[PDB]
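One structure is given below, encoded as structure tokens.
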Amino acid sequence: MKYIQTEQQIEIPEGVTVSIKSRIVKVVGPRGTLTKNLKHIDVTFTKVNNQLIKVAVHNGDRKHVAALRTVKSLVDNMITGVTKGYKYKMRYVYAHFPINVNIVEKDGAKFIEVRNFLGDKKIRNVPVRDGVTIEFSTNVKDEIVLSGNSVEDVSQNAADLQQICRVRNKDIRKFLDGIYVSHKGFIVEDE
RNA sequence: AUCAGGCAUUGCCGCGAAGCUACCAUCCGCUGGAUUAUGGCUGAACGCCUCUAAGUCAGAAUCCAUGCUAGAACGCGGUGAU
């Protein structure tokens with residue numbers, strides 16, 4: 001159709017700032033500061049109320065208005081990242097060989113050492129992305145909680161940790177062994 | 001004659017340094033980036049879902065480099081003495 005005009009509403013919570021110039025969304029909030037440049041999309045933002053910001057696409061398309069709702073999603077994810085933040089719980093699932101996971105330091109860099117995964121002599125090194133914090137949580141045996149602000153920091157840290165412990169040259173339906181993201185949620189309680 | 005030699009298409013036999021040479025001998029043959037397949041992240045389209053659409057992570061003996069050989073006899077630079 002080439003949609004003459006379409007827009008998306010982006011709500012702004014009670015104690016956060018949104019700084020947009022030419023396409024650099026810089027959200028500040030109680031947790032801290034998140035930056036993300038959207039110079040790849042070609043949309044227009046407009047502050048109406050200091051609490052709603054309307055993002056818009058003029059003479060849109062099927063592939064174009066899809067991105068307009070995508071950018072609303074990414075910007076809400078940033079506001080969530082500063083207001084409440086993110087917290088991914090992963091469980092160690094092992095059949096025989098218990099997974100030995102701990103956070104070590106190599107030249108002050110924050111790695112996650114994985115040793116004794118299917119009794120593998122290898123020591124798997126998962127570099128913790130800055131802004132992501134690792135907690136080997138008590139009260140749940142064989143759990144690891146990756147918390148912080150930016151969803152793409154938390155999610156890719158959790159994903160890169162899951163991917164390195166993939167069993168090779170086996171029936172992956174019998175050898176159901178590795179560290180899997182059980183829960184994806186927010187840091188703040190009363191929820 | 002002796003000694004010492006000639007000729008036998010290098011007279012033949014044993015040893016024979018130097019030279020060349022043999023997986024028949026010895027030494028030596030590097031580690032970064034980007035990717036494919038594939039598995040993923042965030043994530044719309046399609047109130048969910050989704051690795052894909054925007055963006056992105058990981059990644060092969062592949063590709064490009066580090067390296068190695070040559071050096072354009074019409075590519076070039078610095079320098080000496082003239």
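Residues are named by chain letter and number: chains run A, B, ... in the order of the structure tokens, numbers start at 1 in each chain, and ligands are numbered from 1 in the order shown.
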
Enumerate as number ranges by chain all residues of stretch 132-168 of chain A assigned to strand (DSSP E) by DSSP on the backbone, naming them with the chain letters and numbers the document uses. A: 132-135, 143-148

Please produce an output containing C-alpha atoms for each residue in the selection, written as a short mmCIF file (atom, residue, chain, number, x, y, z; two decimals), in the first residue's frame.
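Saved file result-v6.cif follows:
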data_model
loop_
_atom_site.label_atom_id
_atom_site.label_comp_id
_atom_site.auth_asym_id
_atom_site.auth_seq_id
_atom_site.Cartn_x
_atom_site.Cartn_y
_atom_site.Cartn_z
CA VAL A 132 26.57 -7.79 32.92
CA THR A 133 27.10 -9.13 36.52
CA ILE A 134 27.32 -12.93 37.27
CA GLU A 135 25.97 -14.46 40.57
CA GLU A 143 22.09 -22.00 39.04
CA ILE A 144 23.84 -18.87 37.55
CA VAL A 145 22.08 -15.41 37.33
CA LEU A 146 23.31 -12.84 34.68
CA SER A 147 21.81 -9.40 35.64
CA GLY A 148 22.38 -5.78 34.46
#

Would you list the contacts of stretch 64-75 of chain A as a ChimeraX atom specification, taking every protein, DNA or RNA residue within 6 Å and counting only C-alpha atoms (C1' of nucleotides), but skipping same-chain residues closer than 5 positions in sequence? /B:44-45,54

Grab the residues selected above and save them as a PDB file, in the first residue's frame with N, CA, C and O atoms (P, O5', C5', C4', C3', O3' and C1' of nucleotides).
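Below you can see result_17.pdb, which holds the result:
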ATOM      1  P     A B  44       8.847  -7.281  19.367  1.00  0.00           P
ATOM      2  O5'   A B  44       8.356  -8.160  18.135  1.00  0.00           O
ATOM      3  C5'   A B  44       7.157  -7.832  17.404  1.00  0.00           C
ATOM      4  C4'   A B  44       7.444  -6.804  16.331  1.00  0.00           C
ATOM      5  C3'   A B  44       6.590  -6.924  15.070  1.00  0.00           C
ATOM      6  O3'   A B  44       5.396  -6.151  15.174  1.00  0.00           O
ATOM      7  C1'   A B  44       8.876  -6.919  14.468  1.00  0.00           C
ATOM      8  P     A B  45       3.960  -6.842  15.005  1.00  0.00           P
ATOM      9  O5'   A B  45       3.905  -7.191  13.451  1.00  0.00           O
ATOM     10  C5'   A B  45       3.854  -6.146  12.459  1.00  0.00           C
ATOM     11  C4'   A B  45       4.534  -6.584  11.182  1.00  0.00           C
ATOM     12  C3'   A B  45       3.801  -7.628  10.347  1.00  0.00           C
ATOM     13  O3'   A B  45       2.788  -7.058   9.520  1.00  0.00           O
ATOM     14  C1'   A B  45       6.055  -8.270  10.582  1.00  0.00           C
ATOM     15  P     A B  54      17.526  -7.341   6.311  1.00  0.00           P
ATOM     16  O5'   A B  54      17.558  -6.197   7.418  1.00  0.00           O
ATOM     17  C5'   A B  54      16.698  -5.050   7.295  1.00  0.00           C
ATOM     18  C4'   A B  54      16.956  -4.041   8.389  1.00  0.00           C
ATOM     19  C3'   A B  54      18.271  -4.141   9.157  1.00  0.00           C
ATOM     20  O3'   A B  54      19.368  -3.573   8.447  1.00  0.00           O
ATOM     21  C1'   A B  54      16.490  -3.760  10.667  1.00  0.00           C
TER      22        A B  54
END

Can you tell me which residues surround residue A:11 at a distance of at most 10 Å, considering only C-alpha atoms (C1' of nucleotides), apart from same-chain residues fewer than 2 positions away, and format the answer as a ChimeraX atom specification? /A:8-9,13-14,49-54,72,75-76,79

Neighbour list for residue A:35 as a PyMOL selection string, cut-off 8 Å, only C-alpha atoms (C1' of nucleotides), skip fewer than 6 positions in-chain: chain A and resi 24-27

Up to 12 Å from chain B, what residues of chain A turn up? Count only C-alpha atoms (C1' of nucleotides) and give them as JSON, numbers by chain. {"A": [36, 37, 38, 39, 40, 41, 42, 43, 61, 62, 63, 64, 65, 66, 67, 68, 69, 70, 71, 72, 73, 74, 75, 77, 78, 126, 150, 151, 152, 153, 154, 155, 156, 157, 158, 159, 160, 161, 162, 163, 164, 166]}

Please compute the atom CA of residue A:2-atom CA of residue A:57 distance, one decimal, in Å. 10.4 Å

At a cut-off of 12 Å, using only C-alpha atoms (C1' of nucleotides), what residues contact residue B:66? Leave out same-chain residues fewer than 3 positions from it and give the result as number ranges by chain. B: 30-33

Among stretch 49-83 of chain A, which residues carry a DSSP assignment of helix (DSSP H, G or I), reported as a list in words?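 Secondary structure check on stretch 49-83 of chain A, helix (DSSP H, G or I): residues 62, 63, 64, 65, 66, 67, 68, 69, 70, 71, 72, 73, 74, 75, 76, 77, 78, 79, 80, 81, 82 and 83 of chain A.
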
What would the file look like if the residues just selected were written as a tab-separated table (two decimals), in the first residue's frame with N, CA, C and O atoms?
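Okay, this is what ended up in part-v9.tsv:
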chain	number	residue	atom	x	y	z
A	62	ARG	N	5.68	-2.63	3.75
A	62	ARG	CA	5.61	-3.89	4.52
A	62	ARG	C	6.90	-4.05	5.34
A	62	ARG	O	6.79	-4.24	6.57
A	63	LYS	N	8.06	-3.93	4.68
A	63	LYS	CA	9.41	-4.07	5.30
A	63	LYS	C	9.77	-2.84	6.13
A	63	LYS	O	10.64	-2.98	7.01
A	64	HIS	N	9.14	-1.68	5.88
A	64	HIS	CA	9.48	-0.38	6.51
A	64	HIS	C	8.76	-0.22	7.86
A	64	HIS	O	9.44	0.17	8.83
A	65	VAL	N	7.45	-0.48	7.91
A	65	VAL	CA	6.61	-0.27	9.14
A	65	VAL	C	6.90	-1.39	10.15
A	65	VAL	O	6.60	-1.19	11.35
A	66	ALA	N	7.41	-2.54	9.68
A	66	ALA	CA	7.92	-3.64	10.53
A	66	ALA	C	9.03	-3.10	11.43
A	66	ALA	O	9.00	-3.38	12.64
A	67	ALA	N	9.95	-2.32	10.85
A	67	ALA	CA	11.11	-1.73	11.55
A	67	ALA	C	10.64	-0.66	12.54
A	67	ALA	O	11.25	-0.56	13.62
A	68	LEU	N	9.61	0.12	12.19
A	68	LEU	CA	9.06	1.19	13.06
A	68	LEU	C	8.60	0.59	14.39
A	68	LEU	O	8.79	1.25	15.43
A	69	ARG	N	7.98	-0.59	14.36
A	69	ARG	CA	7.51	-1.29	15.59
A	69	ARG	C	8.71	-1.95	16.28
A	69	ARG	O	8.70	-2.01	17.52
A	70	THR	N	9.70	-2.43	15.51
A	70	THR	CA	11.00	-2.95	16.01
A	70	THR	C	11.68	-1.88	16.87
A	70	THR	O	12.07	-2.20	18.00
A	71	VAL	N	11.80	-0.65	16.35
A	71	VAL	CA	12.54	0.46	17.04
A	71	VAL	C	11.77	0.88	18.31
A	71	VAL	O	12.45	1.23	19.29
A	72	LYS	N	10.44	0.84	18.30
A	72	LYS	CA	9.61	1.03	19.52
A	72	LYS	C	10.00	-0.05	20.54
A	72	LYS	O	10.15	0.30	21.73
A	73	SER	N	10.16	-1.30	20.09
A	73	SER	CA	10.50	-2.47	20.93
A	73	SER	C	11.89	-2.27	21.55
A	73	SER	O	11.99	-2.42	22.79
A	74	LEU	N	12.90	-1.92	20.74
A	74	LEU	CA	14.31	-1.73	21.19
A	74	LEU	C	14.40	-0.57	22.19
A	74	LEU	O	15.21	-0.67	23.13
A	75	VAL	N	13.63	0.51	21.98
A	75	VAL	CA	13.66	1.74	22.83
A	75	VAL	C	12.93	1.47	24.16
A	75	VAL	O	13.41	1.97	25.19
A	76	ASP	N	11.82	0.72	24.13
A	76	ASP	CA	11.11	0.27	25.36
A	76	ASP	C	12.03	-0.67	26.16
A	76	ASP	O	12.02	-0.56	27.40
A	77	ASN	N	12.77	-1.54	25.47
A	77	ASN	CA	13.76	-2.48	26.07
A	77	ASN	C	14.87	-1.69	26.78
A	77	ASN	O	15.36	-2.19	27.81
A	78	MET	N	15.27	-0.53	26.25
A	78	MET	CA	16.30	0.36	26.86
A	78	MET	C	15.72	1.02	28.11
A	78	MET	O	16.44	1.07	29.12
A	79	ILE	N	14.48	1.51	28.04
A	79	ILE	CA	13.77	2.16	29.18
A	79	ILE	C	13.57	1.13	30.30
A	79	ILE	O	13.75	1.49	31.47
A	80	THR	N	13.20	-0.10	29.94
A	80	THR	CA	13.10	-1.26	30.86
A	80	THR	C	14.48	-1.53	31.47
A	80	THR	O	14.55	-1.77	32.69
A	81	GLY	N	15.53	-1.46	30.65
A	81	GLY	CA	16.94	-1.69	31.04
A	81	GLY	C	17.45	-0.72	32.10
A	81	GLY	O	18.36	-1.11	32.85
A	82	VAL	N	16.91	0.51	32.14
A	82	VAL	CA	17.33	1.57	33.12
A	82	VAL	C	16.34	1.64	34.30
A	82	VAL	O	16.78	2.02	35.40
A	83	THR	N	15.06	1.32	34.08
A	83	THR	CA	13.98	1.41	35.10
A	83	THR	C	14.07	0.20	36.03
A	83	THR	O	14.23	0.40	37.25
